[PDB]
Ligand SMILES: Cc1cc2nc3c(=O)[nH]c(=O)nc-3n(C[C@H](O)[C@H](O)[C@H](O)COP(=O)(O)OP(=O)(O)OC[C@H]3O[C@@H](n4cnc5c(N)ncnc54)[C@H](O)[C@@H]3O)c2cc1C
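Take a look at this one chain, the form deposited without the ligand, written out in structure tokens.
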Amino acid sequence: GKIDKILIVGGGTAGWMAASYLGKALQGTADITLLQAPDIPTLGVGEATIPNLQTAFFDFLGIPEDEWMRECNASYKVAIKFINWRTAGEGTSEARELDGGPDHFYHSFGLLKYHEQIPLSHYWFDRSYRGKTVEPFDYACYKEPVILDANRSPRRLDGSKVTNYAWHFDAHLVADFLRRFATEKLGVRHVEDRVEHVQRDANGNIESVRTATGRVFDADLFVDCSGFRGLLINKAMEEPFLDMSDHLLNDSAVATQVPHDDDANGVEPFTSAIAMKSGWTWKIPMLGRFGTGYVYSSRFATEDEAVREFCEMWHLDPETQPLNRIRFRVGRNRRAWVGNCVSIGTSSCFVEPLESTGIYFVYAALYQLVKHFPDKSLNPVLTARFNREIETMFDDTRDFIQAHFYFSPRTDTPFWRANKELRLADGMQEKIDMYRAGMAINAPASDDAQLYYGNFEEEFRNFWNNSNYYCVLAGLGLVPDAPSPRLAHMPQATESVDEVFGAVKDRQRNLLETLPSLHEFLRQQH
């Protein structure tokens, strides 16, 4: 028979996302309960997202962007801005000078146009390599950088959208919002209780969960949203966790939230990823405040050193500033789903938030869970395919992230040097090989915005694509060995591409002149 009963263990963000998505997907055909025990609450230190959060998650739920944004005090994200990844020095919020300008580059959500079937990146590098341009890749190929430099809104005062964007918010507010939504609109049962004992049967499946009050919860399917502890997937099911520290040295964070006077300084329409001596710091602007965290490697800095260098960066008192000290569990389970137990969220996998993938990993996995939905016979092929989708989503992100450090030119601290001594995974070395040979890496099948950020399957298959790779690699200074050989056979195309770079320049100038500041737009809403 069908799954009748689902027990979600863990509240927080993944828990209530799971409750909401499953509540919606299976509405009226399964009874869902979430077990949540109270925890020491943390500061809201900020979460950055990607555009398909609206199209894959909130639209699936039937929640308009305006409804959730209002309740979560959200702001807009047009790009990640990478600061000081190429220059030596202390951890500072000001960009250093590099070749006549600030040491920054953007990874934005813009689409990279094709010209005559070839991505603009390849024409850019062709001209760069032959000294016909010295303009950075991101300024040449995307309208976004010029308007991000001026803190522009991604929407006009009349509401019309000029660029792809996503969101900055306090995760706690979003979890709250979803808890209200699941319990009130979807009849998800909320039980405040603490897991004391997980009972397994002779097949290794979870039979039930007994709580500290002595209540027993049985279900056909268990969803582990307990975070790093992995109370079901690791403690009960004994599934091993794969530590990825031969690829990823960062395992810790110190974080806080800082009041901000938006009236005096405006709001930045981007996340900042500020390179540090032994890691990097996020800055996630919200309304009246920003979230910030130094992600660092315990192998290269003590907790005290990280605290001191994070506080000094922001001119905060390390003795009195409210701080979150976090030790992460980096990596993934050998298998995300085992028996009748599916892990979702950090109980499944975690990588540092360098590319804003944390929330995405939750709803991407829920999408895959519903796609591979079992009945009570729990057909093993469903479980196996789900696992393969999760493993690829994680490993590809792990690789992509590793490359941000591996290809930094910095040699100034033990941390930056040690990153160059790690190996890239085989699959990543293959992409780098291709990239050096002038190939696109996972070119999107279409340069259409909507078809990509609006159709989840397409986006899941092609999650890190050529645009993403060139932003990061060319950003850091890794470029191909020579221009794509095809281009020498396309003289007309290399002439006419001039008008494509020109149309980018025009949009850059026109948007810079007509767009209001992000702050101007936010005040109008509120």
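Rigid core: the largest C-alpha set superposing within 1.5 Å between the two forms. All residue numbers refer to positions in the sequence shown, first residue = 1.
**Prompt:** Quick one: with the core lined up, is it 398-406 or 104-112 that wanders further in 5 other deposited structures of this protein, going by C-alpha RMS?
**Reply:** More C-alpha displacement in 5 other deposited structures of this protein shows up in 104-112.
Keep in mind the form deposited with the ligand bound is missing from the figure; the text below concerns it.
**Open or blocked, once the ligand is placed by superposing site C-alphas in the deposited complex (3+ ligand atoms within 2.4 Å of backbone or C-beta means blocked)** = Answer open: no ligand atom comes within 2.4 Å of backbone or C-beta.
**One residue of 153, 408, 356, 387 in contact with the ligand, assessed in the deposited complex (non-hydrogen atom, 4.5 angstroms)** = The residue in contact is 356.
**Message:** Looking at 314, 241, 114, 328 here, can you tell me which has any non-hydrogen atom within 4.5 angstroms of the ligand in the deposited complex?
**Reply:** Checked against the cut-off, the match is 328.
**Message:** Taking the ligand as it sits in the deposited complex, is residue 30 near enough to touch it, meaning that at least one heavy atom pair lies within 4.5 angstroms?
**Reply:** Output for residue 30 is no: heavy atoms all beyond 4.5 Å of the ligand.
**Request:** Check whether residue 148 has any heavy atom within 4.5 Å of a heavy atom of the ligand in the deposited complex, and answer yes or no.
**Result:** Residue 148 lies outside the contact set for the ligand.
**Prompt:** Would residue 223 sit within 4.5 Å of the ligand in the deposited complex, counting heavy atoms only?
**Reply:** Answer no; every heavy atom of residue 223 is more than 4.5 Å from the ligand in the deposited complex.
**Message:** Can you tell me whether residue 495 touches the ligand? I mean in the deposited complex, with a 4.5 angstroms heavy atom cut-off.
**Reply:** Residue-level check for residue 495: no, no contact with the ligand.
**Prompt:** Any idea which of 475-483, 41-49, 497-505, 22-30 reaches within 4.5 Å of the ligand in the deposited complex, heavy atoms considered?
**Reply:** Within 4.5 Å of the partner lies stretch 41-49.
**Request:** Taking the ligand as it sits in the deposited complex, which residues of 182-206 have a non-hydrogen atom within 4.5 Å of it? Please list them.
**Result:** Residues within 4.5 Å: 193, 194, 195.
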